[PDB]
Each structure stands twice: as structure tokens, then as C-alpha cells.
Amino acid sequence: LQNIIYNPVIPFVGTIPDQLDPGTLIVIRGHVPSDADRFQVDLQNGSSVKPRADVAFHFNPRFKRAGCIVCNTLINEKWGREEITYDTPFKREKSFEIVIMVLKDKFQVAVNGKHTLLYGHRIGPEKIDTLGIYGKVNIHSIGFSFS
């Protein structure tokens, strides 16, 4: 992997060091604490706090009861329609590997070496330049694979 970031402070907000062309991989390895309610991985257009940067891809594992993964897009500080994946592999007190692959018309996400979900592009992925990681999660490493 390229441009690796080890043991970042959460919340992490960092520039993705190259364009998100088809085939680009974002590999995030980490662990969910015992008391975690949720965390999120956001692919953003910039890092503006106010107004809040558009989030092309909001990937949001939630842990109450059986848990889920909520996926959405934030444009001009307005959330779109949620896409909820109920078959979640994430668990409190367990380590994980997230691999986000950028395809032409969608993201594909695999967790722990297994397909988890697809998310169709609502913003052009060329506009994404920032990776945000927020909430109750411990991130061990962030890596990128570009062409």
C-alpha cells in the first residue's frame, strides 16, 4: 500500500493523496471498542467544518443490538435517502479490515475479506479529496492503492 498512515488520532481528517479513479483502494484496519455506539468513514469534498463539507460516501457502522451499516450522501448540509445494510460483520471488541474500492459507477466495500455492500455514486468521485474517520473506533492503519 501507498501513503500509509499509522495509529492516527480520531477524529482523523486527511487529504487523499491522489485521484479516486476506478480501481483505487482505500484500506482501513482497526478495532471497535467495547462501548461503541457508532463510527463513520466519510469520503468528502474538502474539509470545511462550517459549512460542513459535502460527503460523497458516508459509511456508518452502528452497533445497538444486531447493528447495521447506514450509507448516505450529504450535499449542501442535507442528507439524502439512507441505504441500510443489516447484514453487518462489525462487532464490539473485534478488529476489522475495510477495503473500499472505487468503481466507475459505485463504491464496493469488502470487510474482513468478504463482500459487504455496494454504494452508487451520487457525487462525481473526482470531486472527493478527503478521508474523514469519526466516532468510537480505533484505527491501526490507513493505506491507499492507486494506479
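Heads up: residue numbers just count along the shown sequence, starting at 1.
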query	finding
Greater mean Cα temperature factor according to the PDB record, 92 to 100 or 105 to 113	92 to 100
Stretch exceeding the other in mean C-alpha B-factor - 81 to 89, 48 to 56	81 to 89
Highest recorded Cα temperature factor - choice among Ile28, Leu118, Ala36, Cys68	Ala36
Assigned third (lowest, middle, highest) for the C-alpha B factor of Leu1	highest
Entry-reported Cα temperature factor of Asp18, expressed as the chain third it lands in	middle
